[PDB]
Every structure is written in structure tokens, then in C-alpha cells.
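Some notes on the structure that comes next.
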Amino acid sequence: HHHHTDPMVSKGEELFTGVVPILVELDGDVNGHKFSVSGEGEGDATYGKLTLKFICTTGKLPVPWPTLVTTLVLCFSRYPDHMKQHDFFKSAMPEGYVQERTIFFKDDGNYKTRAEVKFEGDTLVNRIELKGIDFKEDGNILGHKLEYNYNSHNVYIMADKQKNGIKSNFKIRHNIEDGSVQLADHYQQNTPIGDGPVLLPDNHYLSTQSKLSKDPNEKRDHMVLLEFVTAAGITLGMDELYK
């Protein structure tokens, strides 16, 4: 909804009232295996909810789909009302923001990603380039030894006032089919594309859950993703209103 006392908050909330269509495009190269992914779906920031289907448009995906979840749109996070002044991601819209990561897979290779997230008309677009190097051919990634699932996790967000953006580092644990875990250490920075002001947040976290599934009628290599992302970690207003 639109009704906030801060007109800067109102501007960003306005763009994300209702269901917004999403397009995702990724071009990737991991150890010289070139691939492309296209995704479509919709986001509903009121509930923190994304529903997306991704297709590998070059044939078989050379890495496991779960390793691409975090790469393949944090403006759809649900920020509670008392935290809306800390929503960097919507405040950068519609001009958008850049999201850069390095992801280190423990005892394996790394991904470097750069994405631009912005509106094209009514559609929110996430355009990504991914470069992966130093992977082991018989490791868990190029060897496809990961389970097709995704563990819930919390991620801390901090301002980077020098870059007028945010930074975040966090660990993802991917499940290996033998019951072990493959760690993926993420380093992330985001910066605005426009030159206007943005909301720089106090420290807080995002709580994320994802469900991965398959489309039984789809013969192409693909992933169906339901993702929820909710902001938390700042207590109400002046204090607690219920004591």
C-alpha cells in the first residue's frame, strides 16, 4: 500500500503494490561450459513471495540448479511496516541497482556474478553475467552431487555508506547426496544505478526459505522456485507496545 508518512518510502512501496512480473536472464560460463538461463514469474512484496520458473536455454545445465538460487531479486522481500525506512532495494527503483557477488565453494571453484536489477516498463528484470573458475571436474558442482533442495537461512544486511549501498556476507550450505554438506561462502555488494537518494539501512537480517520443484510437463532442463524473503531484526518503534 501507499500510506506512509515518509514520501520516500511511499514512492518505493507504490511500485511494489500488487503482483509484479519478473524476467530473469543469465549468461554463464563455468570452466568454459557456456550456458544461458531464462526465467519468468511474478513477485508479491506484500507477502515476500516470488514464484519463478527457470529454463536452461542452451541444453543441460552444467552446474546444479540449487547453486544458482541466490544468483537467479531482493526488492520483493517483505519489509515490516516499522522497517520500511530500511528497504534499500525498493528505494533504488525504478532506475535499479547492481548486485555483485563472489561465491566461494569450499574445496572447489568460485562464481563471480554481476547483475542489474531494474524495471523495463512494468516488468522487473534481473540481468546477470556469471563467471565460474577453478572447479573440479569430479567435485560436487560439476559432478552434480547436490540434492535438489534448499535450506532455510538468515542473512545479515549492512549499509556501505561510502558506496551508497549495502554489503552482505553469508554462508549457504548445500546438501550433498551422501548426507554431507557443500559450503558456499557468499560476498555481496549492491549499489544504486541512479544518482538519486536511497534508503541506507540499519543492520538487519533477511530470513529466506525456498522450495524447489519440477514441472512434470517440461522436457527442458529447468527449476521451479517458490521463494519467501522477510526482513527482521529491528524491534518495533520506540520500544515494545505490548508490555
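Residues are referred to by chain and number: the chain letter is A, B, ... according to the order shown in the C-alpha cells, the number counts from 1 in that chain, and ligands are numbered separately from 1 in the order shown.
Residues surrounding residue 160 of chain A within 12 Å are residues 88, 166, 167, 168, 188, 189, 190, 191, 192, 198, 199, 200, 201, 202 and 203 of chain A [only C-alpha atoms; sequence separation below 6 positions excluded].
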Go ahead and save the residues from that selection, with N, CA and C atoms, as a PDB file, in the first residue's frame.
```pdb
ATOM      1  N   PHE A  88      16.496  -0.635   1.228  1.00  0.00           N
ATOM      2  CA  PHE A  88      17.348  -0.130   0.156  1.00  0.00           C
ATOM      3  C   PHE A  88      16.840  -0.570  -1.206  1.00  0.00           C
ATOM      4  N   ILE A 166      24.759  -1.375  -0.029  1.00  0.00           N
ATOM      5  CA  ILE A 166      24.766  -2.330   1.062  1.00  0.00           C
ATOM      6  C   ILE A 166      25.806  -3.391   0.805  1.00  0.00           C
ATOM      7  N   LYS A 167      26.144  -4.101   1.870  1.00  0.00           N
ATOM      8  CA  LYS A 167      27.028  -5.242   1.761  1.00  0.00           C
ATOM      9  C   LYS A 167      26.471  -6.351   2.614  1.00  0.00           C
ATOM     10  N   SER A 168      26.837  -7.564   2.244  1.00  0.00           N
ATOM     11  CA  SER A 168      26.360  -8.709   2.992  1.00  0.00           C
ATOM     12  C   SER A 168      27.323  -9.858   2.741  1.00  0.00           C
ATOM     13  N   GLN A 188      28.668 -10.183  -1.004  1.00  0.00           N
ATOM     14  CA  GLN A 188      27.730  -9.449  -1.841  1.00  0.00           C
ATOM     15  C   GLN A 188      27.866  -7.946  -1.620  1.00  0.00           C
ATOM     16  N   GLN A 189      27.762  -7.181  -2.694  1.00  0.00           N
ATOM     17  CA  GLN A 189      27.590  -5.740  -2.579  1.00  0.00           C
ATOM     18  C   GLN A 189      26.532  -5.302  -3.586  1.00  0.00           C
ATOM     19  N   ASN A 190      25.792  -4.267  -3.217  1.00  0.00           N
ATOM     20  CA  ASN A 190      24.792  -3.675  -4.080  1.00  0.00           C
ATOM     21  C   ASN A 190      25.027  -2.174  -4.106  1.00  0.00           C
ATOM     22  N   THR A 191      24.881  -1.579  -5.280  1.00  0.00           N
ATOM     23  CA  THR A 191      24.973  -0.135  -5.426  1.00  0.00           C
ATOM     24  C   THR A 191      23.874   0.352  -6.355  1.00  0.00           C
ATOM     25  N   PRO A 192      23.384   1.562  -6.137  1.00  0.00           N
ATOM     26  CA  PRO A 192      22.330   2.095  -6.992  1.00  0.00           C
ATOM     27  C   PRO A 192      22.845   2.392  -8.378  1.00  0.00           C
ATOM     28  N   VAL A 198      18.895   7.125  -1.835  1.00  0.00           N
ATOM     29  CA  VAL A 198      18.391   5.805  -1.497  1.00  0.00           C
ATOM     30  C   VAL A 198      18.272   5.730   0.008  1.00  0.00           C
ATOM     31  N   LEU A 199      17.536   4.722   0.471  1.00  0.00           N
ATOM     32  CA  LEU A 199      17.450   4.448   1.904  1.00  0.00           C
ATOM     33  C   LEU A 199      18.613   3.546   2.302  1.00  0.00           C
ATOM     34  N   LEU A 200      19.480   4.035   3.171  1.00  0.00           N
ATOM     35  CA  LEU A 200      20.550   3.209   3.702  1.00  0.00           C
ATOM     36  C   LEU A 200      20.096   2.561   5.003  1.00  0.00           C
ATOM     37  N   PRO A 201      20.154   1.241   5.122  1.00  0.00           N
ATOM     38  CA  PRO A 201      19.545   0.583   6.277  1.00  0.00           C
ATOM     39  C   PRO A 201      20.454   0.525   7.488  1.00  0.00           C
ATOM     40  N   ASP A 202      19.824   0.518   8.649  1.00  0.00           N
ATOM     41  CA  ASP A 202      20.468  -0.034   9.827  1.00  0.00           C
ATOM     42  C   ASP A 202      20.662  -1.538   9.654  1.00  0.00           C
ATOM     43  N   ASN A 203      21.572  -2.106  10.436  1.00  0.00           N
ATOM     44  CA  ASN A 203      21.789  -3.552  10.354  1.00  0.00           C
ATOM     45  C   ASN A 203      20.507  -4.329  10.632  1.00  0.00           C
TER      46      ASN A 203
END
```
If you run DSSP on the backbone, which residues of segment 42-177 of chain A are strand (DSSP E), as a VMD selection string? chain A and resid 42 to 44 49 to 56 97 to 105 110 to 120 123 to 133 153 to 160 165 to 175
Could you pull the residues within 12 Å of residue 227 of chain A, counting only C-alpha atoms, minus those fewer than 2 positions along the same chain, as JSON, numbers by chain? {"A": [41, 42, 43, 44, 45, 47, 48, 49, 50, 51, 52, 53, 69, 70, 72, 73, 74, 76, 77, 78, 149, 150, 151, 152, 153, 207, 208, 209, 210, 211, 212, 213, 224, 225, 229, 230]}
Excluding same-chain residues fewer than 3 positions from segment 127-130 of chain A, what lies within 12 Å of it counting only C-alpha atoms, as a PyMOL selection string? chain A and resi 22-39+63+67-68+70-73+96-103+110-120+124+133
With N, CA and C atoms retained, write the just-selected residues as a compact mmCIF listing (two decimals), in the first residue's frame.
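Once written, out03.txt looks like this:
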```
# COMPACT_ATOMS: atom_id res chain seq x y z
N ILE A 22 8.19 -10.71 -13.47
CA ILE A 22 9.65 -10.77 -13.36
C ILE A 22 10.21 -11.50 -14.56
N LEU A 23 11.29 -10.98 -15.12
CA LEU A 23 12.08 -11.67 -16.15
C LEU A 23 13.50 -11.78 -15.64
N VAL A 24 14.09 -12.97 -15.77
CA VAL A 24 15.48 -13.20 -15.36
C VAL A 24 16.24 -13.75 -16.55
N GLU A 25 17.39 -13.16 -16.83
CA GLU A 25 18.27 -13.63 -17.89
C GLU A 25 19.66 -13.81 -17.32
N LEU A 26 20.25 -14.96 -17.57
CA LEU A 26 21.59 -15.22 -17.07
C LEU A 26 22.42 -15.78 -18.21
N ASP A 27 23.60 -15.22 -18.41
CA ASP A 27 24.61 -15.81 -19.28
C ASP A 27 25.76 -16.25 -18.41
N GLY A 28 26.21 -17.49 -18.58
CA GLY A 28 27.17 -18.05 -17.65
C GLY A 28 28.25 -18.82 -18.37
N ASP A 29 29.39 -18.88 -17.73
CA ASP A 29 30.50 -19.66 -18.25
C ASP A 29 31.16 -20.23 -17.00
N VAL A 30 31.12 -21.55 -16.83
CA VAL A 30 31.78 -22.21 -15.70
C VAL A 30 32.78 -23.19 -16.27
N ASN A 31 34.07 -22.92 -16.04
CA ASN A 31 35.16 -23.77 -16.52
C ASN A 31 35.04 -23.96 -18.03
N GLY A 32 34.61 -22.92 -18.73
CA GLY A 32 34.45 -22.97 -20.18
C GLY A 32 33.17 -23.61 -20.69
N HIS A 33 32.31 -24.13 -19.81
CA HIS A 33 30.99 -24.61 -20.20
C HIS A 33 30.06 -23.40 -20.24
N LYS A 34 29.67 -22.98 -21.44
CA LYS A 34 28.84 -21.78 -21.60
C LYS A 34 27.37 -22.17 -21.56
N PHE A 35 26.56 -21.35 -20.88
CA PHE A 35 25.16 -21.70 -20.76
C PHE A 35 24.38 -20.42 -20.53
N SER A 36 23.09 -20.52 -20.76
CA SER A 36 22.18 -19.40 -20.57
C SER A 36 20.94 -19.91 -19.85
N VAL A 37 20.37 -19.06 -19.00
CA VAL A 37 19.14 -19.40 -18.30
C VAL A 37 18.17 -18.25 -18.49
N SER A 38 16.91 -18.59 -18.73
CA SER A 38 15.83 -17.62 -18.80
C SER A 38 14.80 -18.00 -17.75
N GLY A 39 14.31 -17.01 -17.03
CA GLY A 39 13.29 -17.25 -16.03
C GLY A 39 12.17 -16.24 -16.14
N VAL A 63 25.92 -27.00 -14.08
CA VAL A 63 26.06 -26.96 -12.62
C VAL A 63 24.71 -27.33 -12.02
N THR A 67 22.72 -24.38 -6.88
CA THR A 67 23.83 -23.44 -6.71
C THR A 67 23.55 -22.11 -7.34
N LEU A 68 22.48 -22.01 -8.12
CA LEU A 68 22.12 -20.76 -8.78
C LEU A 68 20.98 -20.02 -8.11
N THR A 70 20.63 -18.32 -5.27
CA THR A 70 20.86 -16.96 -4.76
C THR A 70 21.19 -15.99 -5.89
N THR A 71 21.78 -16.46 -6.99
CA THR A 71 22.09 -15.58 -8.12
C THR A 71 20.83 -15.20 -8.89
N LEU A 72 20.00 -16.20 -9.21
CA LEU A 72 18.80 -16.00 -10.00
C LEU A 72 17.73 -15.25 -9.23
N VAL A 73 16.43 -11.36 -6.40
CA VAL A 73 15.66 -10.14 -6.65
C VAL A 73 15.08 -9.71 -5.32
N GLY A 96 17.06 1.30 -10.51
CA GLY A 96 17.55 -0.04 -10.21
C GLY A 96 18.88 -0.05 -9.48
N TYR A 97 19.43 -1.25 -9.35
CA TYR A 97 20.69 -1.40 -8.65
C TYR A 97 21.51 -2.52 -9.27
N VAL A 98 22.78 -2.48 -8.96
CA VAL A 98 23.73 -3.51 -9.37
C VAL A 98 23.92 -4.42 -8.18
N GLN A 99 23.97 -5.73 -8.43
CA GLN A 99 24.21 -6.70 -7.38
C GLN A 99 25.39 -7.55 -7.83
N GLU A 100 26.51 -7.44 -7.09
CA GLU A 100 27.75 -8.17 -7.38
C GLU A 100 28.03 -9.17 -6.28
N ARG A 101 28.45 -10.36 -6.67
CA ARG A 101 28.84 -11.36 -5.69
C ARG A 101 30.09 -12.09 -6.12
N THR A 102 30.82 -12.57 -5.11
CA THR A 102 31.73 -13.68 -5.28
C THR A 102 31.25 -14.79 -4.36
N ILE A 103 31.13 -15.99 -4.90
CA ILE A 103 30.67 -17.16 -4.15
C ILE A 103 31.78 -18.19 -4.18
N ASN A 110 34.89 -21.02 -7.77
CA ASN A 110 34.11 -19.87 -7.34
C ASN A 110 33.29 -19.32 -8.49
N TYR A 111 32.16 -18.71 -8.15
CA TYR A 111 31.37 -17.92 -9.09
C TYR A 111 31.62 -16.45 -8.83
N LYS A 112 31.73 -15.67 -9.90
CA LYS A 112 31.66 -14.22 -9.80
C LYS A 112 30.46 -13.79 -10.62
N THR A 113 29.58 -12.97 -10.02
CA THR A 113 28.35 -12.58 -10.70
C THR A 113 28.18 -11.07 -10.66
N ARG A 114 27.61 -10.54 -11.74
CA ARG A 114 27.22 -9.15 -11.76
C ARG A 114 25.86 -9.09 -12.40
N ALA A 115 24.94 -8.42 -11.73
CA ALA A 115 23.58 -8.36 -12.20
C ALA A 115 23.09 -6.93 -12.14
N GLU A 116 22.22 -6.57 -13.08
CA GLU A 116 21.48 -5.31 -13.00
C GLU A 116 20.02 -5.64 -12.77
N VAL A 117 19.41 -4.99 -11.77
CA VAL A 117 18.03 -5.26 -11.41
C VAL A 117 17.30 -3.95 -11.59
N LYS A 118 16.34 -3.91 -12.51
CA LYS A 118 15.67 -2.64 -12.80
C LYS A 118 14.33 -2.93 -13.46
N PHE A 119 13.48 -1.90 -13.55
CA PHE A 119 12.24 -2.05 -14.30
C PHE A 119 12.46 -1.76 -15.78
N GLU A 120 11.82 -2.56 -16.61
CA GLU A 120 11.64 -2.26 -18.05
C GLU A 120 10.13 -2.16 -18.20
N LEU A 124 9.90 -6.30 -13.87
CA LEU A 124 11.14 -6.22 -13.13
C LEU A 124 12.12 -7.20 -13.78
N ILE A 133 35.19 -20.27 -12.15
CA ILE A 133 36.52 -20.81 -12.47
C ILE A 133 37.01 -21.70 -11.34
```
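Atom CA of residue 132 of chain A is found 10.5 Å from atom CA of residue 108 of chain A.
Nearest-residue note for residue 46 of chain A: choosing from A:122, A:95, A:81, A:134, the minimum distance belongs to A:81, counting only C-alpha atoms.
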Which residue, A:12, A:66, A:233, A:194, has the smallest gap to residue 83 of chain A when you use only C-alpha atoms? A:233
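Here atom CA of residue 231 of chain A is placed at a distance of 23.7 Å from atom CA of residue 196 of chain A.
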Would you return as a VMD selection string the members of segment 1-234 of chain A that DSSP assigns to alpha helix (DSSP H) on this structure's backbone? chain A and resid 7 to 15 88 to 91
Just C-alpha atoms for this one: save the residues we selected as a short mmCIF file (atom, residue, chain, number, x, y, z; two decimals), in the first residue's frame.
```cif
data_model
loop_
_atom_site.label_atom_id
_atom_site.label_comp_id
_atom_site.auth_asym_id
_atom_site.auth_seq_id
_atom_site.Cartn_x
_atom_site.Cartn_y
_atom_site.Cartn_z
CA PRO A 7 7.15 10.21 0.93
CA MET A 8 10.40 8.45 0.01
CA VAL A 9 9.04 5.22 1.47
CA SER A 10 5.72 5.80 -0.29
CA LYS A 11 7.46 6.10 -3.66
CA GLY A 12 9.15 2.71 -3.38
CA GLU A 13 6.15 0.95 -1.88
CA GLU A 14 3.97 2.24 -4.73
CA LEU A 15 5.99 0.36 -7.34
CA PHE A 88 17.35 -0.13 0.16
CA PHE A 89 16.19 -2.43 -2.61
CA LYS A 90 12.88 -0.78 -3.36
CA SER A 91 14.26 2.73 -2.80
#
```
Using only C-alpha atoms, which residues sit within 8 Å of residue 144 of chain A once same-chain residues fewer than 4 positions away are excluded, as a ChimeraX atom specification? /A:63-64,139-140
Can I get the selection written as a PDB file, in the first residue's frame, with N, CA, C and O atoms?
```pdb
ATOM      1  N   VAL A  63      25.917 -26.997 -14.079  1.00  0.00           N
ATOM      2  CA  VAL A  63      26.058 -26.964 -12.623  1.00  0.00           C
ATOM      3  C   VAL A  63      24.707 -27.325 -12.024  1.00  0.00           C
ATOM      4  O   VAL A  63      23.684 -27.277 -12.720  1.00  0.00           O
ATOM      5  N   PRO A  64      24.650 -27.667 -10.727  1.00  0.00           N
ATOM      6  CA  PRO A  64      23.355 -27.986 -10.112  1.00  0.00           C
ATOM      7  C   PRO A  64      22.503 -26.736  -9.929  1.00  0.00           C
ATOM      8  O   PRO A  64      22.994 -25.693  -9.506  1.00  0.00           O
ATOM      9  N   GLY A 139      34.190 -32.856  -8.681  1.00  0.00           N
ATOM     10  CA  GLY A 139      33.699 -32.310  -7.436  1.00  0.00           C
ATOM     11  C   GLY A 139      32.184 -32.305  -7.399  1.00  0.00           C
ATOM     12  O   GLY A 139      31.502 -32.827  -8.282  1.00  0.00           O
ATOM     13  N   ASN A 140      31.649 -31.689  -6.342  1.00  0.00           N
ATOM     14  CA  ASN A 140      30.214 -31.769  -6.112  1.00  0.00           C
ATOM     15  C   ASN A 140      29.432 -30.915  -7.084  1.00  0.00           C
ATOM     16  O   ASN A 140      28.224 -31.126  -7.228  1.00  0.00           O
TER      17      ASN A 140
END
```
